[PDB]
RNA sequence: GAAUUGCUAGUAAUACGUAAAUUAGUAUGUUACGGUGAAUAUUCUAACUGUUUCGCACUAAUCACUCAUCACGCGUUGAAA
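In PDB author numbering, the protein residues as written are 90 to 124.
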């Protein structure tokens with residue numbers, strides 16, 4: 090592995106994975122949705 | 001309001017369309033095709049099935065089998081004025 094990409098991986102070691110969606114808002118919109 | 005349909009799923013739903021079969025002609029039916037795309041949680045009840053316990057005089061097997069009744073005769077034995 091290159092050092093720049095090792096540094097990138099080190100930086101992302103600590104970061105939590107961002108959420109795909111807001112589960113509560115997803116639930117509410119799916120409750121609004123029809124058809 | 002009785003009533004009823006379907007129930008994790010690319011399913012339901014969709015004032016989403018598209019195609020084909022059957023036709024000379026007619027689809028709101030059928031079968032295909034993709035687009036968008038959810039919700040909910042199952043205390044309960046259960047025919048029926050499979051193991052089982054026990055009983056059994058049934059064995060063509062309970063619509064079973066034995067027992068008893070009623071009549072018809074043919075016998076046998078007993079008591080007898």
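From the three backbone atoms N, C-alpha and C, an ideal C-beta is built for every residue, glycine too.
Pick out whichever of 119, 99, 93, 104 has its Cα sitting closest to the Cα of residue 110.
Considering only alpha carbons, the answer is 119.
Please report how far the alpha carbon of residue 122 lies from the alpha carbon of residue 93, in whole angstroms.
In a straight line, the C-alpha of residue 122 is about 46 Å away from that of residue 93.
Looking at the unbroken alpha helix (DSSP H) that takes in residue 119, where does it start and where does it end?
It spans 112-121 - the alpha helix (DSSP H) in which residue 119 sits, taken as one unbroken run.
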